[PDB]
Every structure is written in structure tokens, then in C-alpha cells.
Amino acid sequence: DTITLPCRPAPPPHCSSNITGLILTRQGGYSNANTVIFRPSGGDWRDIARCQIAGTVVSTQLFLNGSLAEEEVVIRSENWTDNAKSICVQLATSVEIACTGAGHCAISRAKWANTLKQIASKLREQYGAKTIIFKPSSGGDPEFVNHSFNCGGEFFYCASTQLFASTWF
């Protein structure tokens, strides 16, 4: 099984990249029970630039063809208690995202769940032994609510909703 992301327009097969990290936003307020919630980033291009882990490809939510980590995935933030400060994730094993050309890009479901569990484990280090929950983007302009990226004189908009819908105890 794979995870399908609807894109617009249809990215050609040569726009397939490697997910080398992502950018997150922690949901605030009085949390309930044993859960901490994370979504795609609610910031602008400032939050993506603060990472300095991306390559030549401009991209939101997911970093494509960027910098990998040495051994394990590693996360940074200016302030872990400020939810207005985004959480930068740098993977150690890149996830292949391959587009068919008919409007759907695909991602291995098992390898994505594999990296999400590594992310959730590293997030429990910064917020205690809690349940990690990933949820879709809260909203924003089409450039930031979708996984947007440029590829050879183009700019695509891919809904990343199916990527953020898991729970980790």
C-alpha cells in the first residue's frame, strides 16, 4: 500500500524527489489527557528559511532534495514552549516521493510510518513520555496549506492531508 497525494497541476515523473525533512507547528492551549499535537507549519517563508536544511528546491511543509542527518533524525526549534516557533525536522533516511504524471504523487506508507515513529520518539524527548499525534494543516494560502514545490518552470500544489493522520503512544 502507498499514500497518495492529489496534486495540481500534474507533476511529471522527473519531478520525483527525496523527502529530507519537514517543518511542524505544535498546537497550543490546555491539552487533554496524554497527547501532544503537531501539524504542518503555520508559519511563512521565514520558518522555512530558519531551518537551513533545504537545497535548491523551494518547498513548503516538506523539504525536497535537501540536507540529510548523519545517523538519526534530529529536531530543532528556537523555543520548544513557544508554539509560534516552528519545529524543524531533519530526517536521516530520505523518503522517496514519486509522481506518476496523472495528478497523483505517491509515497511508501510503511517507510513514512517508519520515519514518523522516529519523529514521534524524538519529540517525546522534548515534551515527555506523551502520545504524539499528527494532524493535517490548519489552513493558509495555497502555497502553505498544500505541499507546494517548484520543478523545472512549474509550481505544484499537493494536498498533504494523508501524510499527517497518525497517532503514536
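From 1 onward, residues are counted along the sequence shown.
Of the two stretches examined, 29 to 37 and 130 to 138, the record assigns the greater average C-alpha temperature factor to 29 to 37.
If you average the C-alpha B-factors over 114 to 122 and over 58 to 66, the higher value belongs to 114 to 122. Per the PDB record, residue ranking by Cα B-factor puts residue 3 in the highest third of the chain. When all modelled residues of the chain are sorted by CA temperature factor, residue 104 is found within the highest third. Ranked against the other modelled residues of its chain, the C-alpha B-factor of residue 48 as given in the entry falls in the middle third. The entry lists a Cα temperature factor for residue 79 that places it in the middle third of the chain's modelled residues.
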